[PDB]
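Q: Here is my input, please return the structure:
(2 chains)
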Number of protein chains: 2
Amino acid sequence: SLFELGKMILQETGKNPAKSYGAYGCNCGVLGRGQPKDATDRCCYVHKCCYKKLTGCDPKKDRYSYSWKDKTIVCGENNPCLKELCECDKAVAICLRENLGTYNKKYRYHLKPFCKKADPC
Amino acid sequence: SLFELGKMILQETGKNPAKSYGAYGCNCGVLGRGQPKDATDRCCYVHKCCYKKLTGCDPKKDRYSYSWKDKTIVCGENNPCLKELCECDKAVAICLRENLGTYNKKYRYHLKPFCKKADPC
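A: Residues are numbered from 1 along each chain as shown, chains lettered A, B, ... in the order given. Sharing the structure here:
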């Protein structure tokens, strides 16, 4: 769920998730997808595409199990959809941390009505 | 401040700082020191002795800045006391993580139990 995801993001990036990623660019947030504006935003794009392949579980509501062992996210669900869901969230957290080098605050609350259409997943 | 501390703890251990270390053993919490119950406890014993050495700055209220680059806590305070402060917090966050293997919930409490006089710092 959003709680797990949000905690993964903080553990990986060290930044407040809602603050720095709640509505970043054209893909991080609630406004669906959009042509990525940079690396960070591209992560969120891939993330939303990952979510679209889940069958049987809800990324918003459904919670799942995972541990933080030696500063590594380790998913631990028996449920295939919940496992995959956990892996979708782990992948974006790591991606966001890997692209902290070009994170642009001028995008934090970027106006999505300015974004171009996104290619289909 | 308490802000950076809790964050550091959560980042290193991946555990809720209040829930797991706000009332653990004889040193983890806000009730002074005491004879350490175990390694986790000892981490906190050292942390408190670390504060006592600080001269000038308020450990609970004074905020400092640090980096989480590559999932490592790097203190970068130009302020001596604040730097010494940040190292104390980083030290306990790492020690708490390193000793998760022996973490025993049996040592949590709501009302601090009996604790032999912890030797001087």
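
Q: Tell me how many other residues crowd residue A:78.
A: 7 (other CB atoms under 10 Å in any protein chain shown). From N, CA and C alone the C-beta is placed, and that goes for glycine too.

Q: And for residue A:49?
A: The tally of other residues near residue A:49 (other CB under 10 Å) stands at 16.

Q: With residue A:117 instead?
A: By other CB under 10 Å, 9 other residues sit near residue A:117.

Q: nearest spatial neighbour of it, skipping sequence neighbours?
A: In this structure, residue A:117 finds its nearest non-sequential neighbour in residue A:35, 6.7 Å apart by CB to CB, 6 or more residues apart in numbering or on different chains.

Q: and if you look at residue A:104?
A: In this structure, residue A:104 finds its nearest non-sequential neighbour in residue A:38, 6.4 Å apart by CB to CB, 6+ apart.

Q: how close does that neighbour get to residue A:106?
A: Going from residue A:38 to residue A:106 by CB to CB, to the nearest Å gives 10 Å.

Q: between the two, which one's more packed in?
A: Neighbour totals were compared for residue A:38 and residue A:106, and residue A:38 leads with 15 against 7 (other CB under 10 Å).

Q: Test my guess that that one contacts residue A:100.
A: No - between residue A:38 and residue A:100 there is no contact under CB atoms under 8 Å: 11.7 Å.

Q: Now stretch A:109-121: buried residues?
A: Residues A:110, A:112, A:115, A:118 are the ones in stretch A:109-121 that count as buried (16 or more other CB atoms under 10 Å in any protein chain shown).

Q: which one of these is nearest chain B?
A: For the buried residues of stretch A:109-121, the residue nearest chain B by CB to the nearest CB is residue A:110; the value is 24.1 Å.

Q: which residues touch the closest one?
A: Residues near residue A:110 by CB atoms under 8 Å, 6 or more residues apart in numbering or on different chains: A:23-26, A:37.

Q: what does residue A:54 give?
A: Residue A:54 neighbours (CB under 8 Å, 6+ apart): A:81, A:84-85, A:88.

Q: Please repeat the previous calculation with a cut-off of 7 Å.
A: By CB atoms under 7 Å, 6 or more residues apart in numbering or on different chains, the contact set of residue A:54 is A:81, A:84-85.
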